[PDB]
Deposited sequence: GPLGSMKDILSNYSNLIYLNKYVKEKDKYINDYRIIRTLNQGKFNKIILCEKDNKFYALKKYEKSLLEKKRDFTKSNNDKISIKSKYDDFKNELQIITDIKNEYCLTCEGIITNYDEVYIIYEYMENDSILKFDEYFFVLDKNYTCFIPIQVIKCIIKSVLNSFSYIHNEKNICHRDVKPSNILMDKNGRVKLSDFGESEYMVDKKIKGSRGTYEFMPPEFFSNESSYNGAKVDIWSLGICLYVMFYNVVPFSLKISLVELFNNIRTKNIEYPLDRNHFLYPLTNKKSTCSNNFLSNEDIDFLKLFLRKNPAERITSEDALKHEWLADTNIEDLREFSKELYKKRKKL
C-alpha cells in the first residue's frame, strides 16, 4: 500500500545500473547513452533523446529531491488529514515500470540511478505520439490539417485494446490516463501505450478514485459511487482518443471552464458531425454511420453498459483491420518528419 524506499522497490529489479555521467569532447553522456537533446520538458520529469551503439533511446529523468517537495492533499481514512508527495506517487509508478513487459506497452530496458536522480531507458518511438496538441490536435503540422485515415485509426485502436488485455487481465493494472499524447508510434508501425504515472493496481477490478486528465474522465467520476471498474475507465478514455482521432478535437470538453466541462460529462449527448466541423474556423475526409456506431459503444455514460475490450476487438468494425495501412502510414509520416 504505502511502499518503502527506492532501494527497497528496486531491490528485485535485475537491470538496475549505477549512475555514471561524464563528458567526452563536449558531448554529455549518461552511462554510454549520448545525450542528443531533450524531447519534452515536463513540469517535473523530462525525457531525453540519446544514442548508444547505433540505436535510439528516450530516457526519462525523474529526481527525488525535486518531487519530494511538492506535497498535496490526498484523502484521509482517519479524517486526520493525509499528506502525500509527488515522490510518493513516483514510487508507485516505479514499481509499475518494473512490472510491465509487453510488445504493446512501452517497457523500460534498464533503470539508472543513485537513488535520487533516476533514468528509465526506453526504446525511441521515432514517430512520437499519434496526435500532437497545443490549442488543438494535429498530425504533423499546425498549418496543414489532415485527419488520420480510418483504416489507420482501426489499427491503432486494435493495438491499444491489445495493451488493455495485458494490463487489465495479465497484470491487474489500470492505466488511468489513456490519451493521444500517451500512444506512441515507431517508424515501422508499432503503437505502444505509455506513461504509467497515474496508473494503479486494481482491487477486485476497482480503482481508487478520481485521478487523471479531466477531459478524459468518465461520467462515473461524477456520481456517488466512490469505486469504478478500472477497465471501463480506460475504455472511456480510449473512446475520447477515438473521438479525438475522428475530429482532431476533444468532445464536449474544451477549455474555459471546467464546471462547464463537468456539468457536461455526467449528462449530455456527444455530437457526431463530419471530420472537419469543429475545425473549419481555426483554419479560416469525412466519416460514415458505422464509425460513429462503434465509437458510441465506448462512450456509454453508464459503465456497466459500456463496451468491453473483448467485445471491441471482435466487433465488426475492426474485422477488416489491415496492419499494412498503419505500416505504410507510419513510414510516410516518418519521411515527413526530420524534413522539419
Q.
Missing C-alpha coordinates: which residue stretches of the deposited sequence does that apply to?
A. 285 to 292
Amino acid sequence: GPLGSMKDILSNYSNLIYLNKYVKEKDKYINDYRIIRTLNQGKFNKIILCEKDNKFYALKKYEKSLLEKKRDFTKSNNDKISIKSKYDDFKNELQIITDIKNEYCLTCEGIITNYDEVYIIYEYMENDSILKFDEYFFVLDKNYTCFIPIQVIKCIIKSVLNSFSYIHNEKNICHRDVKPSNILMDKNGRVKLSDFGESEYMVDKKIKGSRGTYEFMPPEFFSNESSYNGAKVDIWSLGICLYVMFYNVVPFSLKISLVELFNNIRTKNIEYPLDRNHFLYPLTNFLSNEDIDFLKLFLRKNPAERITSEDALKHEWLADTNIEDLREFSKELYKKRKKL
From here on, numbers count along this sequence of modelled residues.
Q. Quick one: higher average CA temperature factor, 103 to 111 or 78 to 86?
A. 78 to 86
Q.
Please compare 181 to 189 with 260 to 268 and say which has the higher mean C-alpha temperature factor in the record.
A. 260 to 268
(Q) Can you tell me which of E198, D141, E215, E117 has the maximum CA B-factor listed in the PDB entry? (A) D141
Q) Should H278 be placed in the lowest, middle or highest third of its chain by the C-alpha B factor in the entry? A) highest
Q: Determine, from the deposited record, the chain-internal third of the Cα B-factor for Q41: lowest, middle or highest.
A: highest
Q. Thinking about Cα B factors across the chain, which third does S330 belong to?
A. middle
(Q) Lowest, middle or highest third: which one holds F137 when the chain's residues are ordered by CA B-factor from the entry? (A) middle
Q) Based on the entry's values, in what third of the chain does the Cα temperature factor of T145 lie: lowest, middle or highest? A) highest
